[PDB]
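Visitor: Please find one structure pasted underneath; my questions will follow.
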Amino acid sequence: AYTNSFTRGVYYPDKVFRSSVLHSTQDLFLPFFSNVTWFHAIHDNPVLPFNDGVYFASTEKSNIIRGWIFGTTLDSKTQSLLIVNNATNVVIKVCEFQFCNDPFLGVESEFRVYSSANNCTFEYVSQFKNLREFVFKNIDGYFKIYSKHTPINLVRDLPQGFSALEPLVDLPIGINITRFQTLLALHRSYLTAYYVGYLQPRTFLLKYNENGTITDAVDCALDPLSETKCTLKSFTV
Amino acid sequence: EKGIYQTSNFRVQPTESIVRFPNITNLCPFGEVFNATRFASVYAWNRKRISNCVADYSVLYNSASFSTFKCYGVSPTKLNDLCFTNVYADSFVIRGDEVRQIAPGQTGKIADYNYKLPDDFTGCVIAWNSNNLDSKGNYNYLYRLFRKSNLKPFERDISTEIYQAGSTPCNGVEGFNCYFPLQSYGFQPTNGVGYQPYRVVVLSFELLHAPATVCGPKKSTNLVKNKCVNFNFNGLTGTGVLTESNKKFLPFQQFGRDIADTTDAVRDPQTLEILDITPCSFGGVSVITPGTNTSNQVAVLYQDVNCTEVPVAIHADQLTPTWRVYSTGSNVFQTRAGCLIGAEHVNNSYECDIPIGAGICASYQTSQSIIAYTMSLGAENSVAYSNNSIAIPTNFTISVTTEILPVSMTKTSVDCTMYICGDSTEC
Amino acid sequence: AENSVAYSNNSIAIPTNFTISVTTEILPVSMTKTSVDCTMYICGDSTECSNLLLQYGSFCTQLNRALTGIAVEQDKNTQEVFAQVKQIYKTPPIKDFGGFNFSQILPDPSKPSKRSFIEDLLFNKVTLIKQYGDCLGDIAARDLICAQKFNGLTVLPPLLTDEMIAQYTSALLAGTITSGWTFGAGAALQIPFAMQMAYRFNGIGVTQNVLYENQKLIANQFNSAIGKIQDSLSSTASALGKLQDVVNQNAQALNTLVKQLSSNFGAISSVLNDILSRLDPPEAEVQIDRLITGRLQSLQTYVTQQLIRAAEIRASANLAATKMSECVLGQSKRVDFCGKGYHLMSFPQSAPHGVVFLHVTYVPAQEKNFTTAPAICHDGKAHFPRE
Amino acid sequence: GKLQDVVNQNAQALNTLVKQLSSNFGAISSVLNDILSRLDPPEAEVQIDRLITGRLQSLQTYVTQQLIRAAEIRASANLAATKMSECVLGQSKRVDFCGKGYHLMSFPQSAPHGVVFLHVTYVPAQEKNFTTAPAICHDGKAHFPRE
Ligand SMILES: *[C@@H]1O[C@H](CO)[C@@H](O[C@@H]2O[C@H](CO)[C@@H](O)[C@H](O)[C@H]2NC(C)=O)[C@H](O)[C@H]1NC(C)=O
Ligand SMILES: *[C@@H]1O[C@H](CO)[C@@H](O[C@@H]2O[C@H](CO)[C@@H](O)[C@H](O)[C@H]2NC(C)=O)[C@H](O)[C@H]1NC(C)=O
Ligand SMILES: *[C@@H]1O[C@H](CO)[C@@H](O[C@@H]2O[C@H](CO)[C@@H](O)[C@H](O)[C@H]2NC(C)=O)[C@H](O)[C@H]1NC(C)=O
Ligand SMILES: *[C@@H]1O[C@H](CO)[C@@H](O[C@@H]2O[C@H](CO)[C@@H](O)[C@H](O)[C@H]2NC(C)=O)[C@H](O)[C@H]1NC(C)=O
Ligand SMILES: *[C@@H]1O[C@H](CO)[C@@H](O)[C@H](O)[C@H]1NC(C)=O
Ligand SMILES: *[C@@H]1O[C@H](CO)[C@@H](O)[C@H](O)[C@H]1NC(C)=O
Ligand SMILES: *[C@@H]1O[C@H](CO)[C@@H](O)[C@H](O)[C@H]1NC(C)=O
Ligand SMILES: *[C@@H]1O[C@H](CO)[C@@H](O)[C@H](O)[C@H]1NC(C)=O
Ligand SMILES: *[C@@H]1O[C@H](CO)[C@@H](O)[C@H](O)[C@H]1NC(C)=O
Ligand SMILES: *[C@@H]1O[C@H](CO)[C@@H](O)[C@H](O)[C@H]1NC(C)=O
Ligand SMILES: *[C@@H]1O[C@H](CO)[C@@H](O)[C@H](O)[C@H]1NC(C)=O
Ligand SMILES: *[C@@H]1O[C@H](CO)[C@@H](O)[C@H](O)[C@H]1NC(C)=O
Ligand SMILES: *[C@@H]1O[C@H](CO)[C@@H](O)[C@H](O)[C@H]1NC(C)=O
Ligand SMILES: *[C@@H]1O[C@H](CO)[C@@H](O)[C@H](O)[C@H]1NC(C)=O
Ligand SMILES: *[C@@H]1O[C@H](CO)[C@@H](O)[C@H](O)[C@H]1NC(C)=O
């Protein structure tokens, strides 16, 4: 399955306040009107690649989506990463896990994700009208995360307007990531709705308003009209 | 010569210095970093977070043991004046003759397999000899000898797998051209220099962008608004005037920038209010003179300045007393070109002599003084038009007048090599 | 459009009527006078930077001399176009002028200003001090003009005000309507306006009885064409594109110069205070020299392009001075120099940075075919027409 | 003054170019011989490249401003050639092109780097008021003056 992004995964690229200007930025972004893969539970979690960074969105009503694992082999030969919510706090952990071949969390119920957890270098702890959007990047021994939540007005399709993602957390983990897998909350514990887009090296043209808010953008490689607007540094031609 | 001259600029000078650091009083645990019993091996290097402290950096480089204190994006003399963001500390032990590999842009089995620094590194690299502490025999200081590829910057590779250095896939145990990747160090107390162990600490931080929790020993002052001060907010220096803003900063933002990339807004680090920054007032100064043949009197125009703001517009009683008479007085005249000081405004109109702008000219008249007036366009005249009257001339004048035009200019030539290089064949 | 002339060797076409035509011509005269504080552009308030800037010589003395030479020439351009007569002729009371109605181009006599109705319409159609003065409210003072002033870039006012330029144009209009071309050659000699118009008909090769017999029709055609000018300026968009272009190019060049201050030119930062906060002067000097070299190059590019634009503005103002002398102060025989058709007379009107000419011409209208001959033989002698 | 300005601007430009040779442009000296007396070629190259770059920029500025001044002098010479043709070799009807008044004749005189024209004109002097009329009616017919 596939859907259409239209405007998804624009984040604040730095930490400086800017009001009522235009600004041109090279980063890793999600290109406009690209195909995002669809996963639903009409009544499945494979090992998706990472490759340069990931857009992640998810929507349910009552707390099914909870966390991810990131790594290379997932076979306790190399280090790996883990993020889980408790519906109270969040647990982040960089041990040398031997992962199960089908990780999930039983409904309070126990953990069926890792058997062995040795050799830990990092640990951390923290705290349809819900669309939760995420961007993950892995640059220079850091793991950056951007996020924003909005009430979806719709049934199945992604909304049409514009909203920018604020930065959340930056983690010094020092590992090599090539694959990842999301973690669900399964009722019947069988030891055997969310969107994924990929980030590309682009150039964007960001508009800041009177109040400092990013309200519009232009993907300079979308079409010839936007390639014109990026050369003229304005939004009307 | 007689005329009007843009000569210099006036500029208000700052009065006092302002420092606004955050209020943090607990000192910073560098003893737990630098005085530890056991450092880590270089393949599995330790990263310690440093936060919410006051760090004095001078007692590090003003001490004895360190034979390497190399800072990269910053000078060591400046470290006690800045505030830092995302401070981390990295500690390991290497051999004595590969301290030179801990730098941006290095090759060798430490820099290629074990610990890589980025090209745009900001921080300091500290190293010192630990023969007394880590030599006897000693063999549990390992380094990596074999990897399939080169490391990324700030990557740690803690994994054990037999290194296939041939074309046949081995498993589990040592074989021919199959190798255990890690290797010990032979630290003996009678080794030569180059084989003796060295303890290494790497500090890494970010400067002057985000909010800050780690900074050195400066005492704050109190915040002074509405006048030209000399500020220092978290290590960011500058001159200007501080007033209250009404922009709203998101909690991950400390500064604002304008179109020329200069700082024009700042959140205070003790109060969390938003202030605006603006330079202290300046402007151009034109001097109206007659010839120095004729006089030494002058008048002074302060271009695009209101007249009640000219001692606010200059740094009032810092100038020479020979200068400060040209900021007050009774010869003070408001024009649309600025404030004119030192000429008397009269009510006549004359043909223009020295142009000032927006209809005003100046002259030297009878004793002698400098006057300012509105220029006249010419003599008023009225034609006696009627619907059956004509005027015919009855005489004439033969008139001869001159007209001068330029035709040509001087022809010049340049020997380029003689201008640039002289006689020098090296040049 | 394709067309074909019915040429023959004994056919001629003569016109039987005519049209009085009024057209508009717009010329630029002057541009904005600007000045640059070099040390404030390059170095800010840093005394370390301003001591390093002395190693490059007299570059900023040279740049300020070039800009001052442009600014003086802009006042010479305006003097040369508008100040050609030195008597200020007063506006007469408008009740005669043979039926010709001049009320929309003469200054409004109950109002105390000197602008006419058409000059008001022209001054409301170009979208162009104390906004250097405020610049401290610091939220509403995020204009483009406060960003220019804070980095040492200022605008100087013109020597003649707009009110003075309108006084010059109304003195020229009064001299023309009461005296014809005599006030351009000497003292003004009064003549009635229909006798002036008869002698101008005589200048284009039409006998003056044609004017006197068609006087009311000629005055009605003139008053209608003036009304068409007025409502075409009340209903259009871009008639004054030539004057709007000078304003736009100047504002674009200053905004480009302000945006060049955020290039680092190969240094670690584009902000001088960041470099001075993090490094000590022996390795700060290497970065500051790179920034100095980049910003000096930006200023030199700006000044070279201002000098080339000032040379083209100067050629345009020389042409407007020649047209004032030859179409307002005389009647012209040069084909198409004062409009299309046979020139009768011209009127000037001031405009922002410019001048508008209203040209009045005779255009022949309703032609007939006749048979013609070169000479006539009467008594064995050839006879030729005199006129 | 119009002829003295052309002499003054060009002497000023050459004097500015000569005294730009005492800037060091970020080198240790502005004197090439002092640089070559104290250093050997591998680190003398670094200082000499700075001096070369600065002096090249000075020469380029001088030449660009000469080309713009030459274009203005060319327009002035074109106007003087037109005035020689139309005021000395003919009588002109263009208002104010050959002096103020009605043009009779003009005389040329040579000048350093330039030309001076002496324009002779007729200016009317002593005027009288009269009563005028457009036409005259004689026998039920209108009469108009010829000249
Ligand atoms: C990061 O991990 C990836 C995943 O194993 C490494 O890339 C592999 O390298 C082998 C070497 O022969 C190739 O055959 C594989 O095709 C690579 N896989 C991928 C997904 O690229 C990579 O070497 C590791 N990074 C570093 C710096 O060593
Ligand atoms: C026209 O003007 C000339 C002035 O150039 C008058 O000539 C003067 O005549 C008086 C009386 O004969 C003499 O005293 C002057 O010396 C003459 N001046 C010159 C310069 O020759 C001439 O009279 C005037 N003509 C009329 C009709 O008024
Ligand atoms: C010459 O042209 C004018 C047009 O301006 C003609 O005047 C028109 O005459 C008709 C008939 O009398 C009137 O109904 C119109 O109102 C007139 N127009 C204007 C604008 O006044 C004139 O008749 C023409 N003359 C000849 C001989 O053809
Ligand atoms: C000359 O033309 C003007 C056109 O502006 C005439 O003035 C207008 O006259 C009408 C009455 O017919 C008024 O309603 C307008 O308000 C007038 N406009 C202005 C600006 O005053 C004027 O009457 C004409 N003059 C003559 C003598 O006919
Ligand atoms: C995205 O989906 C559309 C569906 O119409 C398809 O035509 C297009 O090829 C897809 N793009 C990529 C890159 O697969
Ligand atoms: C979340 O749950 C896990 C597993 O029970 C636990 O290790 C962690 O401490 C919990 N987080 C809290 C209590 O904040
Ligand atoms: C982690 O380190 C221990 C020694 O501290 C080692 O025995 C173990 O094998 C390591 N873990 C893994 C999964 O290799
Ligand atoms: C900017 O913020 C103000 C709050 O002071 C708000 O009233 C206004 O609507 C905002 N502007 C826009 C364009 O949303
Ligand atoms: C480490 O110990 C030495 C010797 O006792 C001392 O001089 C130094 O200050 C200590 N380092 C700290 C406290 O950071
Ligand atoms: C100390 O910091 C807190 C939090 O920023 C602030 O509320 C308080 O006013 C500060 N106190 C002083 C004395 O600066
Ligand atoms: C100054 O003026 C005096 C008096 O006219 C004159 O003698 C002298 O030469 C002048 N000097 C200069 C430099 O013009
Ligand atoms: C100078 O300030 C006074 C006080 O507000 C004001 O009345 C005056 O108009 C100002 N001058 C100008 C030229 O704006
Ligand atoms: C000029 O006239 C005004 C009144 O029109 C008066 O207020 C002013 O004082 C006069 N100045 C002089 C110098 O006479
Ligand atoms: C004159 O005659 C030619 C040929 O019949 C015709 O085409 C042309 O239109 C006529 N001209 C006029 C003004 O009627
Ligand atoms: C013509 O008459 C008017 C009105 O009496 C008078 O003002 C004017 O000066 C006279 N012109 C001459 C040349 O005498």
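A note on labels: chains of the structure tokens are A, B, ... as shown, every chain counts residues from 1, and ligands are counted from 1 in their shown order.
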Within 9 Å of ligand 14, counting only C-alpha atoms and all ligand atoms, which protein or nucleic acid residues do you find, written as a list in words?
Guide: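 The residues within 9 Å of ligand 14, counting only C-alpha atoms and all ligand atoms, are residues 4, 5, 6, 7, 11, 12, 13, 14, 15, 366, 367, 368, 369 and 370 of chain C.
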Visitor: Print the selection's residues with N, CA, C and O atoms to a file, as a short mmCIF file (atom, residue, chain, number, x, y, z; two decimals), in the first residue's frame.
Guide:
data_model
loop_
_atom_site.label_atom_id
_atom_site.label_comp_id
_atom_site.auth_asym_id
_atom_site.auth_seq_id
_atom_site.Cartn_x
_atom_site.Cartn_y
_atom_site.Cartn_z
N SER C 4 -1.12 49.05 -48.82
CA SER C 4 -0.69 49.20 -50.21
C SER C 4 -1.07 50.60 -50.68
O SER C 4 -2.24 50.98 -50.60
N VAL C 5 -0.08 51.36 -51.14
CA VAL C 5 -0.28 52.74 -51.58
C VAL C 5 -0.67 52.74 -53.05
O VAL C 5 -0.04 52.05 -53.86
N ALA C 6 -1.69 53.52 -53.39
CA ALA C 6 -2.18 53.58 -54.77
C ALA C 6 -1.39 54.63 -55.56
O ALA C 6 -1.90 55.67 -55.97
N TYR C 7 -0.11 54.32 -55.78
CA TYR C 7 0.77 55.21 -56.52
C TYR C 7 0.38 55.26 -58.00
O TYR C 7 0.10 54.24 -58.63
N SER C 11 -1.61 61.24 -59.87
CA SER C 11 -2.59 61.26 -58.80
C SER C 11 -1.97 61.79 -57.51
O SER C 11 -0.83 61.48 -57.19
N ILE C 12 -2.73 62.59 -56.76
CA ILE C 12 -2.29 63.08 -55.46
C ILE C 12 -3.46 62.97 -54.49
O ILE C 12 -4.62 63.00 -54.88
N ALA C 13 -3.15 62.79 -53.21
CA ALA C 13 -4.15 62.80 -52.15
C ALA C 13 -3.94 64.00 -51.24
O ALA C 13 -2.83 64.22 -50.76
N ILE C 14 -4.99 64.79 -51.03
CA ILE C 14 -4.97 65.97 -50.17
C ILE C 14 -5.92 65.75 -49.00
O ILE C 14 -7.02 65.24 -49.21
N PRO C 15 -5.55 66.09 -47.77
CA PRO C 15 -6.50 66.00 -46.65
C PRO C 15 -7.53 67.12 -46.60
O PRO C 15 -7.25 68.27 -46.94
N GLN C 366 -8.85 63.41 -43.38
CA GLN C 366 -9.85 62.81 -44.29
C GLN C 366 -9.54 63.09 -45.75
O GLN C 366 -10.02 64.07 -46.31
N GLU C 367 -8.82 62.20 -46.39
CA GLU C 367 -8.16 62.50 -47.65
C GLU C 367 -9.01 62.20 -48.88
O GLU C 367 -9.85 61.31 -48.88
N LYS C 368 -8.77 62.97 -49.94
CA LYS C 368 -9.43 62.81 -51.22
C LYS C 368 -8.41 62.66 -52.33
O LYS C 368 -7.34 63.24 -52.29
N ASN C 369 -8.81 61.94 -53.37
CA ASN C 369 -8.03 61.77 -54.59
C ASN C 369 -8.29 62.91 -55.57
O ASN C 369 -9.43 63.28 -55.80
N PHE C 370 -7.22 63.45 -56.16
CA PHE C 370 -7.33 64.43 -57.22
C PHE C 370 -6.35 64.09 -58.34
O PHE C 370 -5.42 63.31 -58.16
#
Visitor: What do you get as a PDB file with N, CA, C and O atoms, in the first residue's frame if you pick all residues at most 8 Å from ligand 13, counting only C-alpha atoms and all ligand atoms?
Guide:
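Output saved as part-v3.pdb:
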ATOM      1  N   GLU B 344      23.657  81.416  11.868  1.00  0.00           N
ATOM      2  CA  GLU B 344      22.430  82.113  12.220  1.00  0.00           C
ATOM      3  C   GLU B 344      21.429  82.083  11.067  1.00  0.00           C
ATOM      4  O   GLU B 344      21.748  82.425   9.928  1.00  0.00           O
ATOM      5  N   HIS B 345      20.222  81.642  11.377  1.00  0.00           N
ATOM      6  CA  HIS B 345      19.146  81.625  10.406  1.00  0.00           C
ATOM      7  C   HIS B 345      18.601  83.031  10.207  1.00  0.00           C
ATOM      8  O   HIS B 345      18.173  83.674  11.165  1.00  0.00           O
ATOM      9  N   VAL B 346      18.607  83.503   8.964  1.00  0.00           N
ATOM     10  CA  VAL B 346      18.046  84.801   8.614  1.00  0.00           C
ATOM     11  C   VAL B 346      16.760  84.575   7.835  1.00  0.00           C
ATOM     12  O   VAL B 346      16.381  83.434   7.569  1.00  0.00           O
ATOM     13  N   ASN B 347      16.055  85.648   7.500  1.00  0.00           N
ATOM     14  CA  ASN B 347      14.738  85.541   6.891  1.00  0.00           C
ATOM     15  C   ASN B 347      14.703  85.991   5.441  1.00  0.00           C
ATOM     16  O   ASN B 347      13.664  85.862   4.796  1.00  0.00           O
TER      17      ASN B 347
END
Visitor: Would you list the contacts of residue D:66 as a tab-separated table (two decimals) with N, CA, C and O atoms, in the first residue's frame, taking every protein, DNA or RNA residue within 12 Å and counting only C-alpha atoms, but skipping same-chain residues closer than 2 positions in sequence?
Guide:
chain	number	residue	atom	x	y	z
B	409	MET	N	41.44	63.97	-23.29
B	409	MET	CA	42.14	63.86	-22.02
B	409	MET	C	43.54	63.29	-22.24
B	409	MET	O	43.92	62.95	-23.36
B	410	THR	N	44.32	63.26	-21.17
B	410	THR	CA	45.71	62.81	-21.20
B	410	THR	C	45.83	61.32	-21.51
B	410	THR	O	45.11	60.51	-20.93
B	411	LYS	N	46.71	60.97	-22.43
B	411	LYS	CA	47.00	59.58	-22.75
B	411	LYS	C	48.09	59.04	-21.82
B	411	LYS	O	49.16	59.63	-21.72
B	412	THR	N	47.80	57.94	-21.14
B	412	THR	CA	48.73	57.33	-20.20
B	412	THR	C	49.03	55.88	-20.55
B	412	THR	O	48.30	55.24	-21.31
B	413	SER	N	50.12	55.37	-20.01
B	413	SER	CA	50.53	53.99	-20.21
B	413	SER	C	51.16	53.47	-18.92
B	413	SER	O	51.70	54.23	-18.13
C	304	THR	N	31.08	50.60	-8.57
C	304	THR	CA	31.24	50.51	-10.02
C	304	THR	C	29.89	50.50	-10.75
C	304	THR	O	29.71	51.23	-11.75
C	307	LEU	N	28.28	54.07	-10.66
C	307	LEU	CA	28.89	54.97	-11.63
C	307	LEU	C	28.40	54.74	-13.07
C	307	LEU	O	28.17	55.70	-13.81
D	6	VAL	N	39.36	68.34	-15.81
D	6	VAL	CA	39.88	67.16	-16.49
D	6	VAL	C	41.37	66.96	-16.18
D	6	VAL	O	41.82	65.83	-16.02
D	9	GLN	N	41.46	65.76	-12.19
D	9	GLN	CA	41.02	64.39	-11.92
D	9	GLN	C	42.06	63.36	-12.34
D	9	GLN	O	42.27	62.36	-11.65
D	10	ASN	N	42.77	63.63	-13.42
D	10	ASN	CA	43.74	62.67	-13.89
D	10	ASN	C	45.05	62.72	-13.11
D	10	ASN	O	45.65	61.66	-12.84
D	11	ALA	N	45.48	63.92	-12.67
D	11	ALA	CA	46.63	63.99	-11.77
D	11	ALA	C	46.33	63.35	-10.42
D	11	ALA	O	47.20	62.69	-9.84
D	12	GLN	N	45.10	63.50	-9.93
D	12	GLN	CA	44.71	62.88	-8.67
D	12	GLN	C	44.70	61.36	-8.75
D	12	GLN	O	45.17	60.68	-7.83
D	13	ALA	N	44.23	60.80	-9.88
D	13	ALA	CA	44.20	59.35	-10.05
D	13	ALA	C	45.61	58.74	-10.12
D	13	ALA	O	45.87	57.71	-9.50
D	14	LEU	N	46.53	59.40	-10.83
D	14	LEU	CA	47.91	58.90	-10.86
D	14	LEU	C	48.62	59.04	-9.51
D	14	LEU	O	49.42	58.16	-9.14
D	59	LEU	N	45.68	48.46	-9.64
D	59	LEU	CA	45.74	48.73	-11.07
D	59	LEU	C	44.39	48.53	-11.76
D	59	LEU	O	44.01	49.32	-12.64
D	60	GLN	N	43.65	47.49	-11.36
D	60	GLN	CA	42.34	47.24	-11.95
D	60	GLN	C	41.34	48.36	-11.64
D	60	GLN	O	40.56	48.75	-12.51
D	61	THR	N	41.39	48.92	-10.42
D	61	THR	CA	40.52	50.04	-10.08
D	61	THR	C	40.83	51.29	-10.91
D	61	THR	O	39.90	51.96	-11.40
D	62	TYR	N	42.13	51.63	-11.06
D	62	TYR	CA	42.55	52.75	-11.90
D	62	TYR	C	42.03	52.62	-13.35
D	62	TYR	O	41.50	53.59	-13.91
D	63	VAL	N	42.15	51.43	-13.94
D	63	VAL	CA	41.76	51.23	-15.34
D	63	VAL	C	40.24	51.31	-15.53
D	63	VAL	O	39.75	51.89	-16.51
D	64	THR	N	39.46	50.77	-14.58
D	64	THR	CA	38.00	50.82	-14.67
D	64	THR	C	37.47	52.26	-14.59
D	64	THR	O	36.58	52.67	-15.36
D	68	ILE	N	35.39	54.63	-17.63
D	68	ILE	CA	34.16	55.41	-17.46
D	68	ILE	C	34.37	56.91	-17.77
D	68	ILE	O	33.52	57.54	-18.44
D	69	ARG	N	35.50	57.49	-17.38
D	69	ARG	CA	35.79	58.88	-17.74
D	69	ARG	C	36.00	59.08	-19.24
D	69	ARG	O	35.63	60.12	-19.79
D	70	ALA	N	36.63	58.12	-19.92
D	70	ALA	CA	36.78	58.20	-21.36
D	70	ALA	C	35.43	58.18	-22.08
D	70	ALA	O	35.26	58.90	-23.06
D	71	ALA	N	34.46	57.40	-21.59
D	71	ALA	CA	33.12	57.44	-22.19
D	71	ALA	C	32.42	58.81	-22.04
D	71	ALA	O	31.77	59.29	-22.98
D	72	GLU	N	32.59	59.46	-20.89
D	72	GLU	CA	32.01	60.81	-20.76
D	72	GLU	C	32.71	61.88	-21.63
D	72	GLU	O	32.03	62.76	-22.19
D	73	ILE	N	34.03	61.79	-21.79
D	73	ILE	CA	34.78	62.68	-22.67
D	73	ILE	C	34.38	62.47	-24.14
D	73	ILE	O	34.31	63.42	-24.91
Visitor: DSSP says strand (DSSP E) for which residues of stretch 78-198 of chain C? Put them as a count of residues only?
Guide: 7
Visitor: Write down, as a ChimeraX atom specification, each residue of chain B that has any atom within 12 Å of an atom of chain A, counting only C-alpha atoms.
Guide: /B:44-49,86-90,115-121,151-162,208-211,246-267,274
Visitor: At a cut-off of 6 Å, which residues of chain D touch chain B? Count only C-alpha atoms and give the answer as an mmCIF file with C-alpha atoms, in the first residue's frame.
Guide:
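Result written to part_25.cif:
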data_model
loop_
_atom_site.group_PDB
_atom_site.id
_atom_site.type_symbol
_atom_site.label_atom_id
_atom_site.label_comp_id
_atom_site.auth_asym_id
_atom_site.auth_seq_id
_atom_site.Cartn_x
_atom_site.Cartn_y
_atom_site.Cartn_z
ATOM 1 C CA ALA D 77 33.549 65.586 -28.055
ATOM 2 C CA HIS D 113 42.242 69.881 -24.244
ATOM 3 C CA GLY D 114 39.153 71.698 -25.547
ATOM 4 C CA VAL D 115 37.313 74.228 -27.661
ATOM 5 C CA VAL D 116 35.669 77.612 -27.016
ATOM 6 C CA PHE D 117 32.799 78.940 -29.133
ATOM 7 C CA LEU D 118 31.955 82.634 -29.477
ATOM 8 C CA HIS D 119 28.232 82.858 -30.317
ATOM 9 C CA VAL D 120 26.775 86.059 -31.849
ATOM 10 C CA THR D 121 23.027 86.566 -31.303
ATOM 11 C CA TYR D 122 20.252 89.129 -31.790
ATOM 12 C CA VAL D 123 18.393 90.112 -28.603
ATOM 13 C CA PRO D 124 15.334 92.445 -28.823
ATOM 14 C CA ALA D 125 15.601 95.508 -26.608
ATOM 15 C CA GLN D 126 13.007 98.306 -26.205
ATOM 16 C CA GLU D 127 9.394 97.243 -26.388
ATOM 17 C CA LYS D 128 6.142 99.138 -26.935
ATOM 18 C CA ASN D 129 2.486 98.331 -26.342
ATOM 19 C CA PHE D 130 0.043 98.365 -29.264
ATOM 20 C CA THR D 131 -3.540 97.333 -29.951
ATOM 21 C CA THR D 132 -3.847 94.395 -32.338
#
Visitor: Which residues come within 6 Å of residue C:18, counting only C-alpha atoms, excluding same-chain residues fewer than 4 positions away, as a list in words?
Guide: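 Close residues of residue C:18: residues 363, 364 and 365 of chain C.
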Visitor: Per residue of chain C within 9 Å of ligand 12, record the nearest atom pair and its distance in Å to one decimal, counting only C-alpha atoms and all ligand atoms, with rows in chain order and ascending residue number, as CSV.
Guide:
residue,atom,partner,partner_atom_place_in_ligand_line,distance
C:129,CA,ligand 12,13 (C),8.4
C:130,CA,ligand 12,14 (O),6.2
C:133,CA,ligand 12,14 (O),8.0
Visitor: Using the selection just defined, write its residues with N, CA, C and O atoms as a CSV table (one decimal), in the first residue's frame.
Guide:
chain,number,residue,atom,x,y,z
C,129,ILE,N,13.3,60.0,6.1
C,129,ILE,CA,14.1,60.7,7.0
C,129,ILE,C,14.0,60.3,8.4
C,129,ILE,O,14.9,59.7,9.0
C,130,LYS,N,12.8,60.5,9.0
C,130,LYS,CA,12.6,60.2,10.5
C,130,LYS,C,12.5,58.7,10.7
C,130,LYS,O,12.4,58.3,11.9
C,133,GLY,N,15.4,58.2,12.3
C,133,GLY,CA,15.3,58.7,13.6
C,133,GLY,C,14.7,57.8,14.6
C,133,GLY,O,15.2,57.7,15.7
Visitor: Which chains and residue numbers are within 7 Å of ligand 4, counting only C-alpha atoms and all ligand atoms, if I want them as a ChimeraX atom specification?
Guide: /C:95,101-104
Visitor: So that I can see what lies close to residue A:38, please list as a PyMOL selection string the residues with an atom at most 6 Å from it, counting only C-alpha atoms and leaving out residues fewer than 4 positions away in the same chain.
Guide: chain A and resi 1-2+195
Visitor: I need the residue nearest chain C from this list: B:196, B:129, B:382, B:369. Use only C-alpha atoms for the distance.
Guide: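 Smallest separation from chain C among the options: B:382.
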Visitor: I want to know what sits within 8 Å of residue A:100, based on only C-alpha atoms, with residues of the same chain fewer than 6 positions away left out; could you give that as a list in words?
Guide: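 In the requested format, the answer is residues 112, 113, 114 and 115 of chain A.
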Visitor: When you count only C-alpha atoms, which of these residues is closest to chain C: D:8, D:20, D:33, D:82?
Guide: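 Of D:8, D:20, D:33, D:82, the one nearest chain C, counting only C-alpha atoms, is D:20.
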Visitor: Using only C-alpha atoms and a cut-off of 12 Å, which residues of chain C sit close to chain A? Please list them as a VMD selection string.
Guide: chain C and resid 139 to 140 142 to 144 259
Visitor: Only residues of chain D matter here; which ones have an atom within 6 Å of chain C, counting only C-alpha atoms? Give them as a PyMOL selection string.
Guide: chain D and resi 23-25+95+101
Visitor: Kindly compile the residues surrounding ligand 9 within 8 Å, counting only C-alpha atoms and all ligand atoms, and format them as a list in words.
Guide: residues 29, 30, 31, 32, 33, 34, 35, 59, 60 and 63 of chain B
Visitor: Determine, counting only C-alpha atoms, which protein, DNA and RNA residues have an atom within 10 Å of an atom of residue A:129; residues of the same chain fewer than 5 positions away are not included. Present the result as a VMD selection string.
Guide: chain A and resid 59 to 61 149 to 155
Visitor: Please give me, as an NGL selection string, the residues lying within 12 Å of ligand 6 when counting only C-alpha atoms and all ligand atoms.
Guide: :A and (66 or 82-93 or 105-106 or 108-113 or 123-127)
